[PDB]
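Below is one structure, written out as structure tokens; comments come after it.
In this analysis, Cβ positions are derived from the backbone assuming ideal geometry, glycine residues included, and neighbour counts consider all displayed protein chains. Read-outs throughout are calculated quantities, based only on the coordinates presented, and are distinct from any laboratory measurement.
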Amino acid sequence: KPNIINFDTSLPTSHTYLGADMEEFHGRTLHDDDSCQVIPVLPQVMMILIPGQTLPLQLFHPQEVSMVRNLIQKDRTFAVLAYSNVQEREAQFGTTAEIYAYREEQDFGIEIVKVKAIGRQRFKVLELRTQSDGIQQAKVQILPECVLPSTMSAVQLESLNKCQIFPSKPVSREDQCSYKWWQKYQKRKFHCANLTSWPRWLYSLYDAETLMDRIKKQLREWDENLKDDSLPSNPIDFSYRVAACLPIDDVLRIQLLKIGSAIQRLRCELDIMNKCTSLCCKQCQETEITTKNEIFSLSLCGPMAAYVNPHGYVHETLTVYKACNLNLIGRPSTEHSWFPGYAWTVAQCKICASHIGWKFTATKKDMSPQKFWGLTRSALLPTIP
Amino acid sequence: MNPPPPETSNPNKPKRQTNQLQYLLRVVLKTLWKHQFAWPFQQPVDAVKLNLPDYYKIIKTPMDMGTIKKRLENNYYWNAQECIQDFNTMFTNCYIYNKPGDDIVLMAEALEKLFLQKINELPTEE
Amino acid sequence: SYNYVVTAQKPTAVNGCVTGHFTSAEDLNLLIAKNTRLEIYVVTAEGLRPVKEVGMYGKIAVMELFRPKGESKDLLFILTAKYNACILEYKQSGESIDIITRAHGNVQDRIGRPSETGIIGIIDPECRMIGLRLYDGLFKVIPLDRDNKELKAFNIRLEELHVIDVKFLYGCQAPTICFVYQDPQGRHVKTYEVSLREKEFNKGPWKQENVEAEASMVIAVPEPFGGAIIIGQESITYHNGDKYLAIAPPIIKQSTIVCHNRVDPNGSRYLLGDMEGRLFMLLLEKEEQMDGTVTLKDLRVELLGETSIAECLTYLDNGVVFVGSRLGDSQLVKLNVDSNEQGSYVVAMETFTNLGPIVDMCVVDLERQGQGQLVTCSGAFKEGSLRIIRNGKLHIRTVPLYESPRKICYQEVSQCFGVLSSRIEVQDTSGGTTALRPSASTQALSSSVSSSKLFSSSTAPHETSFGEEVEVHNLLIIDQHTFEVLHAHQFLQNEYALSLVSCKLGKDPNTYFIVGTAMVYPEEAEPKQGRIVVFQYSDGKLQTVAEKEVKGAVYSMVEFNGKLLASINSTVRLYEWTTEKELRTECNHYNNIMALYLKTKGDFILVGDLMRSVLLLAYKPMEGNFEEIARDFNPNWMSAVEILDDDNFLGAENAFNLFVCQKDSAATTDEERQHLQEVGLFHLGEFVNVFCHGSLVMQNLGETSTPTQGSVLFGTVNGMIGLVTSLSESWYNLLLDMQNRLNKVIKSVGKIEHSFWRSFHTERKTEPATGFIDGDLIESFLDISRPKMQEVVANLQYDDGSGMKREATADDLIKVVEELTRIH
Ligand SMILES: Cc1sc2c(c1C)[C@H](c1ccc(Cl)cc1)N[C@@H](CC(=O)NCCCCCCCCC(=O)N[C@@H](C)C(=O)N[C@H]1CCC(=O)NC1=O)c1nnc(C)n1-2
Ligand SMILES: [Zn+2]
């Protein structure tokens, strides 16, 4: 955990390897809540998109290129099915993805389309139909996202309304500024708990701000260098960002996607965070690679994000400081680098000789991270007893 | 297991330096060499370290652009067809050993397309 | 499912009170708002004489009296929680009394989020407009003319989005407001000028100034002085543009001042009340500068005495002050020039009963007749007590405790009650063992203290400071004849008592008290330790039989066919009472929610959480394990849940609503059979805390062929007690038709529609009520005239055969309604 990072953590966000003269769009479109719409689904994609997460793509097949070209004009949004119920095209929920970057090349007479898309509203899969062209246009119902008022907004006394605006939180994060302030906040916000049948701490267990504070505490305990700057302030965006960065298996991600309440999602994320222990090789099932304490963020989008290989394959990479039981094969290469400034060898499980990830080594001598590893999500098994 | 690629500069075999051979030596060879993908296909595949204990079993004859450039610079080839065939086998001995869709395989194919467009403009017979 | 809901006790808590000349030009009136009820009194030398009481289709939020120019008496402006606004006038024609609606309208914004400091409503001193602050960033102005009969209003954008308080100023030639807001740099006081022609704010008369970080109250001083008074945590300040005056009295530092009232018409004196029952007097001293102008010389505060915890204050006359309370009984007090032996200037005169808040209750039969009695846990802090309600009107007997009762249960064999209480103690010097005042737990016949050592190496960080408040929890044994505290048992330090039950377990012929606790520490968020204790009360001494330490918080406990069903964190566990007088775990069920609510009927278990997650389980006897039958997850806030029948469940939802779920076991697929269907929606208007089965009538006789089945009682925060019973389809249809044709002849105060009032309301969605019959509207049928009866019952067909008894005569429905009224 060196002492400092001098690397611009805003660089692995624009995906400079994909290109530079991207045709960007601004128009944001959200349809409604609880309606039925039919929208194309990209094939060859095996992932779950959490809302607010970005997705880079490289497409070669003529049908996908043609349908993306058509989709650019109509609404710029497609569907990313969960595809997690087994693997035989069983889908129940999915995420809408909107495109905000687009370019086309020629190559060796084969059209290549590079696209960056971001996650949006969730839906549920009702009916799926397959078209001869290749696009599996499906009928889905947009799942609604709801916010809830304060627990005391109904039982609060009118004479204490003027005392509901607390002074600004102190910035010196320390005791007597966190503990004392939070104690007074609990005592003043949930004073009307004496009018009900439940204590004050029970109501604090369902308070959004307290849950976000606890999640931030644990995140900073894992990532000491990480500061309370990049994390959002809205409960919904905060919950989605936390969900899109936990090194968990697929079932937990599905169950987090099913939840339609920010508070329930925050509580489930807290439980999962309390449960996570380590990661192991998927094929070997026993070889342990790295622990959660070594997870650290080189990007402002969290420790985990999705990138695209030079051939179209999308990998979700988790950055760690150290890795174990890995053997490197090949010569360090510096092309299509996802972290501008580093080089990438290919790493493979030392036992089953399966690809786990890459080891990115710095080129310039004056760079604080001199060697950090990247681990593919669909190559590791969460080792929770 | 671990046989050196075909020997450079076969002395018994006679050699002609033709303009087609020089085209192969410079425009084809160097352009193939300076490619972001042609980094594995340029040194004799080492199955011991890459740990692939069977390649030499499935692959009867091993070779690379390195040894073929060496054979092109040190007088080996009597004509060109030998060199084009050698490069074609260099492609085939990878498509056959690895499986469709993989990465090395998807890389080579690009190299093979580059090679084909390059050699279809080989010099007239001289 | 068809249900009938009626009220037995009207709400008793007071949330507003104003004084003025409403009934007559030469009469002094006191107007009191009690949730949905409005009471009008006339202040006399003897005391208060009731005059008129009315009901409104909503919860009153703003109530003000104003006299527009050209009027001989005050008018009343009312705004409800659903943003219904009206202007009312009092008319007395001979001996009949009626209230006329002179203007009404719904002032609501289709898009907008409700503000954090609540609803604020103010009136110009010269009666030119009404200022409302419903949503953040907007200020609503209603011009006060004789043509604005629909109360049309316009919005003015506010650049400050954290307004705390706002008032209109006296003596300004144009309507001027003064308000306090918070920005990242602190708290400031500004002033604006409201233009009724151009509909925008102008530059105020004074200049923006900085105030205390805890400033919350603004008082507009009348004309002789002018300006405003800002009251904070430790200082009182006076602003008049250029003049400035600040005092920091040490008397007001202990508790926060929350209410105020003006005594003198010229603003010489004011009454201030804090959150602990203290009453203060603020005096303004005047000086003359030989120019005819009067300026303020100094300020001074004085402690008058102690009263109930006040919500509102109103000086009536001759030193008589009305104290309106939500956590206790209201009072009439007298201020004397001299003081008693303790230096207190206040003397109590009258007391008005208040049952709210009701946090727990139970139904017992003390006289061993066929008529039950209701014993509730009411009040909080020093106003907590036990109330015994009989259906003899209702006769209420009060047993003060000077504590906060939380739970109550009855043991018939011992002829006593078990009550969980809580008192607040302050940390003084060495240890926090100082009590604020004598309580029932301290003043008890016998006493005992927990001596357990199960958790001795517990966290206990000892992070305690001087003056810190700590809660002490007790179990009290109370006689059922004299209601005296026979025993008080104190739990361990930092231990929180959550559940209480009385039952017999296994083959043991003894009755026990069983309590489930939770060890709570300030630094941890979720408890990781708990305890279940078994008490036996005999020979006048409480004894501990057994105790079991668990790894969570025991939120609920229910006796399950001779076994104990407990909810530990997110796990439901079943215990057995062995012959060794111990507890042995039988089976566990692991859920994904915290089982706050636990109800049982037969072999079925209803599990619920605070987020309206209803789960239904069944016990398998031959296998000895649980299974899940159905579930219904819908995010909302739930206060209580109850089991009506084998397939119907009743719960209380957010925004004072009621809902009923149903289980359909005739479904074909296992997916339709595994879901609960909503079959009832209703906007009650009250916050329900507890449900219980029972009745207050002579149900022992039970007559024959009752039109209603079942009986469930609930208690609310405002001290209201209601009843819910089930109906048949025919009666439900007839009563629905009766409601529809009754809401066409009854004149509602404020001209609010009944359907809008009873519509299931939440800030996400609004849906019409279904499956519920409003018993109050049905019972109002007897209070109308005979011609109105004939108009209502016109062309209604009912009854068995005979051509549906031709057209139903008014006498038939009169008899039906009288039969319905006998259930409470
Ligand atoms: C010295 C020689 S000779 C030679 C190879 C060698 C290393 C090879 C061989 C295999 C794969 C490669 Cl690519 C090269 C050479 N394997 C042998 C056959 C063999 O053992 N196969 C087993 C594959 C094990 C996992 C391989 C997939 C890994 C995906 C991958 O890493 N893909 C790249 C595009 C990628 O993900 N880049 C990221 C990195 C992060 C970033 O920043 N950017 C990106 O986009 C082979 N076959 N014929 C010949 C010639 N060889
Ligand atoms: Zn492995």
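Some points to look at:
- Only a single criterion out of (1) within 14 Å of chain A (Cβ to nearest Cβ); (2) part of a loop (DSSP other than H, G, I, E, B); (3) among the hydroxyl-bearing types (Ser, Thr, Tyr) is not satisfied by C:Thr579, namely (1).
- Output for segment B:79-98, where each listed residue is more than 14 Å from chain A (Cβ to nearest Cβ), in a loop (DSSP other than H, G, I, E, B) and not hydroxyl-bearing (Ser, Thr, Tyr): B:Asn79, B:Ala80, B:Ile96
- Index of the failed condition, C:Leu327 passing every other in (1) away from chain A (no Cβ under 14 Å); (2) within 30 Å of C:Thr12 (Cβ to Cβ); (3) in contact with a helix residue (DSSP H, G or I) (Cβ under 8 Å, 6 or more places away or on another chain): (1)
- Evaluating C:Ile87 against the criteria (1) more than 14 Å from chain A (Cβ to nearest Cβ); (2) part of a loop (DSSP other than H, G, I, E, B) leaves one unmet condition, (2).
- Any hit, segment A:363-376, residues being more than 13 Å from ligand 2 (Cβ to nearest atom), farther than 21 Å from A:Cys276 by Cβ and under 21 Å from the mean Cα position of the chain (by Cα): no
- Among (1) over 21 Å from C:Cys86 (Cβ atoms); (2) out of contact with any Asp or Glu (no Cβ under 7 Å at 6 or more places or on another chain); (3) outside any strand (DSSP E or B) - the single one C:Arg146 does not satisfy: (1)
- When residues of segment C:274-295 are limited to those that are surrounded by fewer than 17 Cβ atoms within 10 Å (Cβ to Cβ) and assigned to a strand (DSSP E or B), the one nearest to the other protein chains (Cβ to nearest Cβ): C:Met281
- When the strands (runs of 3 or more DSSP E) confined to segment C:423-500 are screened for residues that are buried (at least 20 other Cβ atoms within 10 Å of the Cβ), those reaching at least 2 such residues are found at C:469-479, C:485-490.
- Test set (1) more than 25 Å from C:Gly171 (Cα to Cα); (2) in contact with a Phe, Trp or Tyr (Cβ under 9 Å, 6 or more places away or on another chain) - C:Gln254 fails condition number: (2)
- Residue in segment A:310-330 that is on the phi > 0 side of the Ramachandran plot and either more than 16 Å from ligand 2 (Cβ to nearest atom) or in contact with a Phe, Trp or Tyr (Cβ under 6 Å, 6 or more places away or on another chain) (or both) present: yes
- Count - residues of segment C:727-740 that are loosely packed, with under 15 Cβ neighbours inside 10 Å and under 30 Å from C:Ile87 (Cβ atoms): 1
- Residues located in segment C:209-225, provided they are more than 13 Å from every other protein chain (Cβ to nearest Cβ), part of a strand (DSSP E or B) and under 13 Å from C:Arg262 (Cβ atoms): C:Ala220
- Residue match in segment B:19-31 (condition: more than 14 Å from B:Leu122 (Cβ to Cβ) and assigned to a loop (DSSP other than H, G, I, E, B)): no
- When every residue of segment A:329-347 is checked against the conditions, at least one turns out to be of a type in the set (A, V, I, L, M, F, W, C), crowded, with 20+ Cβ neighbours inside 10 Å, within 11 Å of ligand 1 (Cβ to nearest atom) and not in a loop (DSSP other than H, G, I, E, B).
- Of all the listed residues (B:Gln36, B:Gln117), the sole one being over 15 Å from the mean Cα position of the chain (by Cα), farther than 19 Å from B:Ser9 by Cβ, within 14 Å of chain A (Cβ to nearest Cβ) and outside any loop (DSSP other than H, G, I, E, B) is B:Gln117.
- From B:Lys70, B:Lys60, residue being away from ligand 1 (no atom under 12 Å from the Cβ), assigned to a helix (DSSP H, G or I), within 23 Å of B:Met1 (Cβ to Cβ) and among the basic types (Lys, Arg): B:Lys70
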